[PDB]
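Below is one structure, written out as structure tokens; comments come after it.
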There are 2 protein chains.
Amino acid sequence: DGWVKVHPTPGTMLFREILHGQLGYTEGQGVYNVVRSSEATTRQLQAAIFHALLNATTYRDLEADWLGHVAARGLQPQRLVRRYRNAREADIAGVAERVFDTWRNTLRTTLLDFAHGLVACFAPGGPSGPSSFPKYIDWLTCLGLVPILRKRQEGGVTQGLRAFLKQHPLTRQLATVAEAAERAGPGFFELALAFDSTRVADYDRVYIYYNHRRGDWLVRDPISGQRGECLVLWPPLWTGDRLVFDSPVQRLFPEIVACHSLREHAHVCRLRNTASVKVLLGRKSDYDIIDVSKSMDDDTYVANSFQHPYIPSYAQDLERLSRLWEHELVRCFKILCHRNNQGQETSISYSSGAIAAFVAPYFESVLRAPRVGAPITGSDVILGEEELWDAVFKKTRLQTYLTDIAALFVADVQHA
Amino acid sequence: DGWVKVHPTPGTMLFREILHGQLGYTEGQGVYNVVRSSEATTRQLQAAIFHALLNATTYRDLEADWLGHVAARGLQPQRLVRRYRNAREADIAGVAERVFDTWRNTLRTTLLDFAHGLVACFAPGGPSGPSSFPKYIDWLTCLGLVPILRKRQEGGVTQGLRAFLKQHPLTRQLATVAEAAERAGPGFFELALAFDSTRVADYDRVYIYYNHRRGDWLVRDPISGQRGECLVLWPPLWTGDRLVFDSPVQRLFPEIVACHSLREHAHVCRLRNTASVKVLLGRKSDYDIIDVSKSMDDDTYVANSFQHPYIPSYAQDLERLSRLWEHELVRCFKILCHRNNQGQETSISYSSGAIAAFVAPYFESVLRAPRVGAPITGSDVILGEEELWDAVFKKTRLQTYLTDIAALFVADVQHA
């Protein structure tokens with residue numbers, strides 16, 4: 001009653017089998033490997049965790065901890081000045097500055113270690129299993145749809161968070177860490193639940209139905225009978241006894257099939273030329289291959305015979321198709337390429353627009369995660385863990401608090 | 001009963017034999033040699049060991065040992081100042097600074113020697129035996145699966161640690177090293193047990209079964225009957241009576257098969273042309289090769305005969321396939337190429353993304369190591385042993401402690 005079949009149709013299977021090179025392969029198609037990588041989402045997770053943890057810091061407890069360290073060394077301004085007993089302000093100021101710098105560096109190292117401890121919990125979940133990103137990307141590449149399944153339940157990631165958090169020594173050892181961690185904890189739990197609940201259907205189990213008369217989707221997993229939900233990102237076009245998607249594979253499809261057919265014909269012609277001598281027989285009027293045509297003739301004579309061993313040439317088409325694949329993917333997925341003075345393709349990366357367009361819908365719709373803050377710039381995908389942590393640290397609240405406390409402490413020591 | 005046989009089928013054996021050049025070889029495939037090397041894993045392990053050992057250092061015992069050395073020389077500030085009795089503050093400060101610098105250099109060399117001694121215990125097991133990395137990598141390259149077998153037992157690496165550590169003189173000689181080593185000891189024992197426990201199955205002995213309806217794996221070693229556990233990194237696709245993997249060899253498979261068949265045909269055509277002169281006989285009405293067609297003639301006359309000595313050419317196909325192999329391997333494993341002003345391939349290395357993508361899952365799932373800290377940057381693969389130790393030493397706790405001690409000692413000795 002107005003329903004049609006979309007996904008389990010043979011053409012849909014042929015699209016993915018094209019994605020594995022089941023007819024032809026080219027240098028251009030190899031670029032797709034970069035598009036599927038999970039690097040951007042892991043960078044985004046790291047950035048979000050760093051923001052959440054570092055933003056929770058506070059001034060009062062940090063000042064209390066610094067003053068407590070000074071008390072532990074017993075090096076407050078009065079005692080130090082009374083001990084040194086000289087008017088060389090530069091030396092005393094430098095001593096205080098170096099003490100504070102040592103404390104600053106150790107605090108930074110502690111916070112970095114804890115933040116890395118948090119990150120490890122989520123990283124394995126993202127690329128494989130529930131919410132696997134590469135499956136999402138190849139779903140988009142093949143069809144533009146992305147079936148999804150949802151159930152609320154505690155699972156691996158929540159257990160990992162619970163195991164890691166509840167007994168971490170840093171929480172006991174520092175009040176700053178204790179407060180920041182207890183504040184950011186609930187958000188981490190909700191993000192873990194978000195990673196836990198959702199799954200992206202498998203390309204070889206799910207069923208998808210479409211009813212043109214309304215324009216709504218029914219998606220089901222036959223094995224468990226579990227109804228799902230469909231996310232459409234590039235909507236299709238219905239033209240009667242048809243459904244035409246607008247995915248990159250659909251645009252490229254009519255070309256690669258023609259190229260493959262040309263290659264197969266050229267292969268068939270080559271086998272024909274194996275025999276070097278060919279002989280043609282005829283009927284009387286009343287490494288070698290024989291063409292016996294005498295059985296067709298009757299009251300008929302042979303008048304002419306032509307030979308022309310044609311062999312189609314197809315390298316030009318393969319070159320054209322390789323460059324077509326490369327340009328299509330690069331422009332469709334907003335990839336950015338880096339190059340040397342003349343040397344090409346030093347590296348391949350995700351542009352800022354690419355991450356905004358693809359990673360953002362992933363987190364927001366597919367996972368329904370609570371918050372990710374401001375997205376990272378396209379340049380930060382190239383950085384490492386240390387560089388990203390340093391970048392997040394440098395331009396946020398904790399640095400300003402530390403600098404203010406340092407300036408105040410130096411002024412107080414030299415004024416006391 | 002819903003089960004399937006996956007690996008021991010002839011297809012996977014054909015893939016593995018493709019790796020050993022059993023049908024053709026090319027310049028591009030030689031790039032694969034870099035992908036198997038164990039440099040990244042060894043560098044990561046060295047960095048992890050250095051972090052574990054060096055991080056345990058504490059300031060209080062540094063102060064204790066420094067004062068112990070000062071007392072051993074008898075060079076206390078008061079005594080030295082009383083010895084010189086002159087107001088050239090710069091000279092005395094320089095003397096004290098040089099003494100402290102000598103102590104720092106000796107301590108650094110001692111710690112480096114101990115750290116190198118500790119690292120050696122693990123290195124031989126990494127490339128061969130349990131947890132062998134190259135077998136992991138070529139498992140991934142062929143299929144995307146990595147069958148793994150486990151059984152907890154103490155073995156070679158734990159015995160090596162126990163033999164190396166328990167009689168080292170540095171423990172007696174220095175309290176700092178003694179406490180740092182004993183504190184880091186349990187982590188090293190855990191890591192060594194992890195090294196000893198796991199094995200990666202051999203490509204020519206294991207069995208792998210797949211059940212599409214469930215979506216779960218069963219792997220078993222037939223010799224010992226020992227059941228295993230299967231890790232999947234790039235999941236395959238089931239098309240009803242066929243399993244299609246998504247490993248690089250699967251994508252490249254049809255192309256190289258076609259090229260090999262072309263080469264075989266070109267070889268066959270070459271032999272045919274060896275005879276320069278050819279003769280063609282016929283039946284009358286009423287270094288040399290002879291074509292006897294007399295038998296088939298019957299009330300028949302010969303009409304025409306054509307010769308066309310064709311010889312297929314395959315050089316362009318080999319060039320294309322070489323470049324295809326090179327690009328596929330470079331882009332799939334995220335390898336990085338260094339180049340001169342115009343010259344190419346000064347050296348080939350592992351990119352940071354490649355390390356994160358391949359080395360990290362190895363340690364996490366395959367080896368289940370406790371902790372490795374933040375992963376090393378791609379540049380640190382190029383560094384040597386000395387350079388890596390120096391780099392990790394520079395930006396960590398011990399350097400800050402030493403610098404603060406130096407500043408305090410200089411100020412106190414000049415002010416005394």
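Ligands are numbered from 1 in the order shown, residues from 1 within each chain, and chains are lettered A, B, ... in the order they appear in the structure tokens.
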
* Residues of chain B near chain A: apply a cut-off of 6 Å, count only C-alpha atoms, and supply the list as a PyMOL selection string. => chain B and resi 251+300-309+324+328+332

Take the residues just selected and output them with N, CA and C atoms as a short mmCIF file (atom, residue, chain, number, x, y, z; two decimals), in the first residue's frame.
```cif
data_model
loop_
_atom_site.label_atom_id
_atom_site.label_comp_id
_atom_site.auth_asym_id
_atom_site.auth_seq_id
_atom_site.Cartn_x
_atom_site.Cartn_y
_atom_site.Cartn_z
N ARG B 251 40.96 -5.25 -2.10
CA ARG B 251 40.69 -4.22 -3.10
C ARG B 251 41.62 -4.36 -4.29
N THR B 300 35.88 -29.08 -51.27
CA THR B 300 36.08 -27.74 -50.76
C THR B 300 37.34 -27.14 -51.35
N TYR B 301 37.31 -25.83 -51.59
CA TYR B 301 38.46 -25.09 -52.07
C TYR B 301 38.80 -23.98 -51.08
N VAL B 302 40.08 -23.63 -51.01
CA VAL B 302 40.57 -22.62 -50.09
C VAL B 302 40.34 -21.25 -50.72
N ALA B 303 39.81 -20.32 -49.93
CA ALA B 303 39.44 -19.00 -50.42
C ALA B 303 40.48 -17.93 -50.12
N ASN B 304 40.86 -17.75 -48.86
CA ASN B 304 41.84 -16.74 -48.51
C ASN B 304 42.53 -17.16 -47.22
N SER B 305 43.69 -16.55 -46.97
CA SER B 305 44.48 -16.84 -45.78
C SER B 305 45.15 -15.55 -45.33
N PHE B 306 45.08 -15.26 -44.04
CA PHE B 306 45.62 -14.03 -43.48
C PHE B 306 46.59 -14.36 -42.35
N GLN B 307 47.66 -13.59 -42.24
CA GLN B 307 48.62 -13.71 -41.15
C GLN B 307 48.74 -12.37 -40.44
N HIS B 308 48.70 -12.40 -39.11
CA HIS B 308 48.80 -11.19 -38.29
C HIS B 308 49.47 -11.55 -36.97
N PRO B 309 50.80 -11.47 -36.91
CA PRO B 309 51.54 -11.88 -35.69
C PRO B 309 51.42 -10.86 -34.56
N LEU B 324 49.92 2.12 -8.26
CA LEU B 324 48.71 1.84 -7.49
C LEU B 324 49.05 1.21 -6.15
N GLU B 328 48.18 3.04 -2.60
CA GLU B 328 47.29 2.34 -1.69
C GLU B 328 47.95 2.14 -0.33
N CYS B 332 46.63 4.00 3.06
CA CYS B 332 45.87 3.15 3.97
C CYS B 332 46.47 3.14 5.36
#
```

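All residues of protein, DNA or RNA that reach within 9 Å of segment 245-247 of chain A, judged by only C-alpha atoms and not counting those fewer than 2 positions away in the chain, are residues 140, 141, 142, 143, 144, 234, 235, 236, 237, 238, 243, 249, 250, 251 and 252 of chain A.
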
* To do: Return as a PyMOL selection string the full set of residues in segment 71-288 of chain A whose backbone-based DSSP assignment is strand (DSSP E or B).
  => chain A and resi 145-150+198-200+207-211+216-221+226-227+229-232+237+244+277-283+288
